[PDB]
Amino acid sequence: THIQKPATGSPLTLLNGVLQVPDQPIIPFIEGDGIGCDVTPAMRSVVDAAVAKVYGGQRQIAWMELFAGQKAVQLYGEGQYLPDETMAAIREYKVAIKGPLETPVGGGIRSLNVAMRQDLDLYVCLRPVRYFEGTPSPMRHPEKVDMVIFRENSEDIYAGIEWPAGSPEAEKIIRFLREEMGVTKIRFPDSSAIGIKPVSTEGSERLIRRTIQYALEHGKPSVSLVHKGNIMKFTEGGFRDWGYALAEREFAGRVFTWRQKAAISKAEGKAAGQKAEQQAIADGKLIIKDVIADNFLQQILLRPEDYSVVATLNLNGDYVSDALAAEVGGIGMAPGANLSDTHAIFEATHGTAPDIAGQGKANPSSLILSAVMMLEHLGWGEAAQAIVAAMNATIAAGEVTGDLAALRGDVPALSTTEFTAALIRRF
């Protein structure tokens, strides 16, 4: 072992439904590769300051370092990118927050980020994207972005099921596809690498159910199912169809969907369909609609105001998260949470930022905002709100890191530590 349980902490526990949160909870954290070394300490400093301010010391996070990535390899030895004790500790402690981890391209280890999500079955990747007043942005009207993305986190092509071109394995699956499955559409079978995309009714349903539940509980006007269901009919189109079906049987009478709208239109005409939709909106009924993924990218740029909650697949969610984050300053302003029904790993949308690593420039806001989601998860709402208020005031005053300052000629950059200080001095 290379991990040490805090001396004054007490673990979170689960008791007949409820998550029990001690006043000095043990919260595991992973530093992260690259800019993890800048953003994690900043996040802890900010969280600690907020908590001390709002509760007077009655409460205090008992941080416990766990290891993964390069820091793990250096401490545990070669190939020890994800030590067993790391995963065991997260299971036991039920919550954790992590900086980014490096995943190599074209070869090397499988994503540790994805591996953690799979191992703990954290099937919801939850990413709220909203505009902080005054944030430098490439958009004319970034304030019109206020969305919540529910990204399926356990399946899709992220499963990591693939074989390299020319390998015995690729030849073996290509032969099965052509000889046993009757596949005729592989263009270049002699040099094809092959990837598998599993998308299930069970996986789609649990993600979409949580999405609708959230939308209803928070008074959100709509849920958009985004998919490329015309080309990927049974996977992505399945996601959409299973989604509408679930909405209409588990939430009958509490939602109005575009599937229902189509039924009304087919039988009574467009006007009737439109009228029924207008009546639902008038009723405070949650609207469930759907958008093809490419057009979705167009719509969130042209009219983001028309969207609220989004339910989508793993790959689509990844791409949408980045496009949307860019509208509000980039992935330095983009928090996230990986949730199952019992556990949670809080984690920024961004990666290791190799181009600024070691320079003390990175925006810690995404991770800080992820810690906000964590505090909300812990029921420490007042601390959470204190951080959001401080963040709102800091950005509005024009105190920002370099990723934001680069977007406007009239805004200078602050280092990671300078920004952290600017935020904390406002508590």
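Numbering starts at 1 and follows the sequence shown.
- Once the C-alpha B-factors are averaged per stretch, 81-89 and 181-189 rank with 81-89 first.
- As listed in the deposited structure, the average C-alpha B-factor of 242-250 and of 260-268 is greater for 260-268.
- Highest CA B-factor among 394, 40, 70, 401, as stated in the entry: 70.
- In this structure the maximum Cα B-factor among 35, 369, 52, 27 is found at 52.
- Annotation for residue 236: C-alpha temperature factor in the lowest third relative to the rest of the modelled chain, per the entry.
- Ranked by C-alpha B-factor against the other modelled residues of its chain, residue 305 falls in the middle third.
- Residue-level temperature factors show residue 387 in the highest third of its chain, judged at the C-alpha atom.
- Among the modelled residues of its chain, residue 131 has a C-alpha B-factor that falls in the middle third, as given in the PDB entry.
- In the deposited entry, the Cα temperature factor of residue 329 sits in the bottom third of values across the chain's modelled residues.
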